[PDB]
Structures are given as structure tokens and as C-alpha cells.
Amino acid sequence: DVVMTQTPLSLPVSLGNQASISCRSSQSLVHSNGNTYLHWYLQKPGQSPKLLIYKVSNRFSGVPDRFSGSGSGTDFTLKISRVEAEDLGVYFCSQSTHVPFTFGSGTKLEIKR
């Protein structure tokens, strides 16, 4: 299976800061049809995952523009211009280019207490 890796495991930030999350794949996520099926989800405590960005940089319905995604091949990055409370939780990257679909271990975006 394609191994997905995220760093950092934890990203403590103060509201209003900038945030950058890294995700890497064991092999290129470029599909034979040309597309790159790498997606980002956000999961709040006790809640289920919510799709935030699909196909590297496309924001899913309702997702604010403070969220943006980039990368290509085996290296990607999710960024938040200025973190807000509703953005706190665990971020997971996932690829659906190769079956079975696999997920990264997750990055916990938390308040710097």
C-alpha cells in the first residue's frame, strides 16, 4: 500500500498565526489520467473527518479561502493564512490515486497553551 506521511505530529499555534502541514507519499500520486488525487481532511475531537481540499488545491464546498493546498508528485503542503478556533483539530492527508486508499497519520493543530 502507498504509505502517507505527515509532519509534524503536533502543531501548536496561537490564533492568527500561520500554519503549514507536510504530507509525503511513498510513490507519485499522479494518476494515469493526469490528475493527482491527494486530499486533506480536518477532524475535530469526537467528530468525524470533514473534506477540506481535494485534488491538491481544490477547496471543498463551504471551505473558507484561508485554507490552501499545494505540492506535486510525492510532496504536498496544506497552509492556513491565519488560524481560527473552528480550524483546531487533527488534519489528515489521503491519496485515492492508488487502491487501497491510504491516510497519513495526522497532524494535531492545537492552541499554544
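Don't overthink the numbering: it's just position in the shown sequence, from 1.
Higher-B stretch (mean Cα B-factor, as the entry records it), 82-90 or 46-54: For C-alpha atoms only, the mean B-factor is higher in 82-90.
Per the record, averaged over C-alpha atoms, which has the higher B-factor: 102-110 or 4-12? Of 102-110 and 4-12, the stretch with the higher C-alpha B-factor average is 4-12.
Which third, lowest, middle or highest, does the CA B-factor of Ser61 fall in along this chain? As the PDB entry reports it, the C-alpha B-factor of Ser61 lands in the highest third of its chain.
By its CA B factor, does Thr74 count among the lowest, middle or highest third of the modelled residues in the chain? It falls in the top third of the chain.
Chain-wide C-alpha B factor ranking for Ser68, given as lowest, middle or highest third: Middle third by C-alpha B-factor.
Sort the modelled residues of this chain by their C-alpha B factor and say whether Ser28 lands in the lowest, middle or highest third. Middle third, going by the recorded CA B-factors of the chain.
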